[PDB]
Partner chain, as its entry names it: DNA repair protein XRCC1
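Coming up is one lone chain in structure tokens, specifically the form deposited without the partner chain.
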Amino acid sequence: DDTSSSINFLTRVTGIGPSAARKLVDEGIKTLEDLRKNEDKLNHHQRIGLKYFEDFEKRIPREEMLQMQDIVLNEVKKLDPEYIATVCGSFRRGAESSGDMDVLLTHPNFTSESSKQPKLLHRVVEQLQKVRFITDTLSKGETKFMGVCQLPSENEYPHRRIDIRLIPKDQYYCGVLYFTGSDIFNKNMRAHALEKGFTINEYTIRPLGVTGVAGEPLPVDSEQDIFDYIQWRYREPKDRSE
């Protein structure tokens, strides 16, 4: 009813899940001003999302993403030029507007065999915070950073959502591929790969076998490599619609 109407709204809050949304309804929290008078019931994450409820409702236009991309690329470079960073999302696909920033970061020092170098990711976060690009943190893991940022006003921009994932280097391209989408494209390409005797997911590509239940990840040093394995012309992200 007009109340279910309420779980619907809260859920619009980054942090607010259903179960998470449900309880706050059992507490008599429905609208948003409800929420604001009730920060204490909210975790840190839900908290921030509430704080940027609005901004978060707005689309990011190419021009901005672009400048965002530069700040991120450039800062990472001064830390260590051995770091690779790539902005995925429809945006890499040529998209005219985006909803958030998805950054994929990797380093030769970190492979799926290591598995333990939080410093790698943290250091960058730290640097962006220092430059004042990153403005808040929703959560921050060993391998994943979800937060807020904003373009440097000179006078203001809405704050935007940003995510940074640390991926091992030997799993990187697969990841950029995957995170680049689109979804159909991923679907169509995994389907083809299968016809080709190969299974692809967001980490690796692996040959199949009898009975099917098979594997052993092939070395991938670029996106192209993936296409090669399955012998398909190389599609630049823009032609990745389907």
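Take the two forms, find the largest set of C-alpha atoms that superpose within 1.5 Å, and that set is the rigid core. Shifts are known only where both forms have a C-alpha. Numbering follows the first chain given and starts at 1.
Heads up, the form solved in complex with the partner chain isn't pictured, but that's what we're talking about next.
For the options 33, 216, 183, 40, the one in contact with the partner chain in the deposited bound form, meaning a heavy atom within 4.5 Å, is 216. Residues of just one listed stretch (59-67, 43-51, 202-210, 169-177) have heavy atoms within 4.5 Å of the partner chain in the deposited bound form: 202-210. Using a 4.5 angstroms threshold between heavy atoms, residue 231 counts as touching the partner chain in the deposited bound form. Core superposition between the shown form and the other one reveals a single run of 3 or more residues with every CA shifted by 2 angstroms or more: 1-5.
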